[PDB]
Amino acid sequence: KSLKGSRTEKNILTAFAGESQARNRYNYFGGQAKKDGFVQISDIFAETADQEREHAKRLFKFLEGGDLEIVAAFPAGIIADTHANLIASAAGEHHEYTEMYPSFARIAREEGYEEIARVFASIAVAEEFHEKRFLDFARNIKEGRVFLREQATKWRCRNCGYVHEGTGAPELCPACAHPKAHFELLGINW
């Protein structure tokens, strides 16, 4: 059935507005992560931003046209150091999967928009992992574990793929000569 005049219709636009802002914020934080010398974290912000773009698109496609007024609160700024940015992003993700989406889904179901409710719930799942990544990375920075670990492990240069074995990432990649900032823990998800 139609969405016109429903609360869900307005909830969809409100989410779209918030997701759109998060996309920009994450891309800016990514640029800052690059300046602070954290390449992996920078690309995570950029990818998260791209995923926000997709969450927004799914929501956008439900809308039926015309202008709609919304009343909502959003973060007015700001861009700080990468650790602080990761913390603020995690807070944003948290509000989204614990408060906004669950509420929007419940209301969607209440008004008879089951498919939409399912999407709200599904998106929330993606946001929870987003928060997890942000929180884990913020913790790695706080504990000085981004480029150094307790036991010897494998480090991979994101720029050229060189693999380094040791307790910490090298100051310079011996293959491409790029700085330590480009290294991450060698990952295998397949």
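Residue positions are given as counts along the sequence shown, with the first one as 1.
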query: Mean temperature factor over C-alpha atoms, higher-scoring stretch between 130 to 138 and 58 to 66; finding: 58 to 66
query: Mean temperature factor over C-alpha atoms, higher-scoring stretch between 100 to 108 and 69 to 77; finding: 69 to 77
query: Third assignment of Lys10 from its chain's C-alpha B-factors; finding: highest
query: Third of the chain, ranked by Cα B-factor, where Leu86 sits; finding: lowest
query: Among modelled residues of the same chain, the CA temperature factor third for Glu47; finding: lowest
query: Entry-reported Cα temperature factor of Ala124, expressed as the chain third it lands in; finding: lowest
query: CA B-factor placement of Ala175, once the chain's modelled residues are sorted into thirds; finding: highest
